[PDB]
Colleague: 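This is the structure I want to talk about, given as structure tokens.
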Amino acid sequence: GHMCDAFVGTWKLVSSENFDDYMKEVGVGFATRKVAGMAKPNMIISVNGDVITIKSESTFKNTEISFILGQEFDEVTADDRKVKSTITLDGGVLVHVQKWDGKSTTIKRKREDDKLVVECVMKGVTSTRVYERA
Ligand SMILES: O=C(O)C(F)(F)C(F)(F)C(F)(F)C(F)(F)C(F)(F)C(F)(F)C(F)(F)F
Ligand SMILES: O=C(O)C(F)(F)C(F)(F)C(F)(F)C(F)(F)C(F)(F)C(F)(F)C(F)(F)F
């Protein structure tokens with residue numbers, strides 16, 4: 001169970017680019033966009049056998065997803081979309097696709113330098129969020 005060894009630990013947000021535009025394209029409502037943009041989340045990534053957990057903690061809301069690489073699962077996103085999610089390990093990157101309502105979005109969680117970078121894409125709109133170790 002070593003696929004995710006470069007991701008495990010705790011992380012805190014450094015910077016965010018185009019995040020509100022990404023959320024707009026996804027369809028997130030105004031108030032959720034404003035709370036999300038204001039959060040300084042702490043991310044916890046952990047491995048228990050085959051099951052990986054990604055937890056995001058912020059002042060007003062936490063999320064927690066647990067999954068096996070390659071196995072589709074149900075996710076209720078923070079903006080309350082009911083999506084079908086699959087996360088795979090491709091070239092050292094966690095590639096997460098969410099499918100719902102005839103639409104898709106991809107969240108790539110990757111390593112760059114000493115950082116964990118989250119790249120979100122919806123119909124050509126890309127957000128880049130950089131985390132440092134907590
Ligand atoms: O509208 C809500 O219910 C909310 F709580 F404001 C929220 F925006 F969804 C949120 F969950 F807090 C959040 F900000 F989106 C978040 F916590 F999920 C996040 F985006 F900050 C993180 F990065 F933690 F996921
Ligand atoms: O920083 C991250 O870990 C993240 F993955 F980029 C994310 F911010 F959590 C997010 F997935 F983009 C997101 F915030 F959850 C969201 F934008 F997708 C959303 F729409 F679910 C919400 F509602 F939280 F904004």
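The analysis underlying the following values was restricted to heavy atoms, covering all of them including side chains, and did not include hydrogens, waters or symmetry mates. Counting begins at 1 with the first residue of the sequence.
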Colleague: How long is the straight-line distance from OG1 of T53 back to CZ of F67, given to the nearest 0.5 Å?
Modeller: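 Nearest 0.5 Å value for the CZ-OG1 distance: 7.5 Å.
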Colleague: Taking all atoms of both residues into account, what is the closest heavy-atom pair of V93 and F7, and its distance?
Modeller: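 Scanning both residues, the minimum pair turns out to be CA-CZ, 4.4 Å.
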Colleague: Do you reckon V118 sits in the same ILVMFWY cluster as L89, going by side-chain contacts under 4.5 Å, direct or chained?
Modeller: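 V118 and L89: one cluster.
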Colleague: Between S56 (side chain) and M43 (backbone), is there a donor-acceptor pair under 3.5 Å?
Modeller: no
Colleague: Hey, could you give me the CE/SG distance between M23 and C120, rounded to the nearest 0.5 Å?
Modeller: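 It is 9.5 Å, given to the nearest 0.5 Å.
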Colleague: Ignoring hydrogens and geometry, is there a side-chain-to-backbone donor-acceptor pair from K103 to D101 under 3.5 Å?
Modeller: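 Answer holds: yes.
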Colleague: Counting neighbours of CG on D5 that are heavy atoms of other residues, nucleotides or ligands and sit closer than 6.0 Å, is the number greater than 12?
Modeller: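 Enclosed: over 12 neighbouring heavy atoms sit under 6.0 Å from CG of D5.
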Colleague: Would you say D50 has more than 12 foreign heavy atoms packed within less than 6.0 Å of its CG?
Modeller: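 It does not: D50 CG has 12 such atoms or fewer within range.
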Colleague: Please check if the side chain of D80 supplies one atom and the backbone of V76 the other of a donor-acceptor pair under 3.5 Å.
Modeller: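 The answer is no, because no donor-acceptor pair under 3.5 Å joins these two groups.
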Colleague: Hey, are the side chains of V121 and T105 touching, using non-hydrogen atoms and a 4.5 Å cut-off?
Modeller: no
Colleague: Okay, side chain of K55, backbone of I65: is any donor-acceptor separation there less than 3.5 Å?
Modeller: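 Judged by distance alone, no pair lies under 3.5 Å.
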Colleague: Any side-chain heavy-atom pair from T86 and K99 closer than 4.5 angstrom?
Modeller: no
Colleague: Starting at OG of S127, measure out to OH of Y22 and round the result to the nearest 0.5 Å.
Modeller: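 Rounded to the nearest 0.5 Å, the OG-OH separation comes out at 8.0 Å.
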Colleague: Do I68 and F73 share a hydrophobic cluster, counting only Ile, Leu, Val, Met, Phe, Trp and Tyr and linking them when any side-chain heavy atoms are less than 4.5 Å apart?
Modeller: no
Colleague: Check the pair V28 / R81 against side chain to side chain contact (heavy atoms under 4.5 Å, CB included), numbers first and verdict last.
Modeller: CA-CA 9 Å; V28 183; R81 283 171 290 128; 5.5 Å; no
Colleague: Hey, are the side chains of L69 and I87 touching, using non-hydrogen atoms and a 4.5 Å cut-off?
Modeller: yes
Colleague: Same cluster for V97 and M122 if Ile/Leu/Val/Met/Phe/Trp/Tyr side chains link at under 4.5 Å?
Modeller: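 No; tracing contacts between hydrophobic side chains, which count when under 4.5 Å, never links both residues.
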Colleague: Do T77 and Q98 come close enough that some side-chain heavy atom pair is under 4.5 Å?
Modeller: yes
Colleague: Under the side-chain hydrogen bond (donor to acceptor under 3.5 Å, both in side chains) test, which residues partner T32, sequence neighbours left out?
Modeller: none
Colleague: How would you list all residue pairs meeting salt bridge (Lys or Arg N to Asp or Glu O under 4.0 Å) that involve residues 26-38, not counting sequence neighbours?
Modeller: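 Applying salt bridge (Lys or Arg N to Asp or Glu O under 4.0 Å) to every pair that reaches into residues 26-38, excluding sequence neighbours, yields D20-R33, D20-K34.
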Colleague: Which is it for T128 and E119 under the side-chain hydrogen bond (donor to acceptor under 3.5 Å, both in side chains) test, yes or no, and what are the steps along the way?
Modeller: CA-CA 5 Å; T128 306; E119 177 82 7; 2.6 Å; yes
Colleague: Any side chain to side chain donor-acceptor pair (under 3.5 Å) pairs touching residues 87-97, not counting sequence neighbours?
Modeller: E75-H96, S85-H96, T88-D90, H96-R109
Colleague: Please identify each residue that fulfils side-chain hydrogen bond (donor to acceptor under 3.5 Å, both in side chains) with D114, with sequence neighbours left out.
Modeller: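 In terms of side-chain hydrogen bond (donor to acceptor under 3.5 Å, both in side chains), with neighbours along the sequence ignored, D114 is linked to no residue.
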Colleague: What closest approach, in Å, do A134 and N42 show between heavy atoms, and which atom pair accounts for it?
Modeller: CB-OD1, 3.8 Å
Colleague: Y131 versus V117: any side-chain heavy-atom pair under 4.5 Å?
Modeller: no
Colleague: Mind checking salt bridge (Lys or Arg N to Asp or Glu O under 4.0 Å) for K40 and listing every partner two or more places apart, or none if nothing turns up?
Modeller: none
Colleague: Quick test of your reading: applying side chain to side chain donor-acceptor pair (under 3.5 Å), list the pairs with at least one residue in residues 7-19, sequence neighbours left out, ordered by first then second residue.
Modeller: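 Residue pairs passing side chain to side chain donor-acceptor pair (under 3.5 Å), neighbours aside: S16-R129.
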Colleague: Is the shortest heavy-atom distance from the side chain of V35 to the side chain of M38 under 4.5 Å?
Modeller: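 No, side chains not in contact.
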Colleague: Begin with the C-alpha distance, continue with both residues' side-chain angles, and end with the deciding distance and a verdict on side chain to side chain contact (heavy atoms under 4.5 Å, CB included) for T106 and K108.
Modeller: CA-CA 6 Å; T106 301; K108 289 188 179 182; 4.1 Å; yes
Colleague: Are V8 and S46 close enough that some pair of their side-chain heavy atoms sits under 4.5 Å apart?
Modeller: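 No, every pair of side-chain atoms sits at 4.5 Å or beyond.
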Colleague: Hey, is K82 close enough to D74 for a salt bridge, meaning N to O under 4.0 Å?
Modeller: no
Colleague: Taking all non-hydrogen atoms of both residues into account, name the closest pair between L94 and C4 and its distance.
Modeller: CD2-SG, 4.0 Å
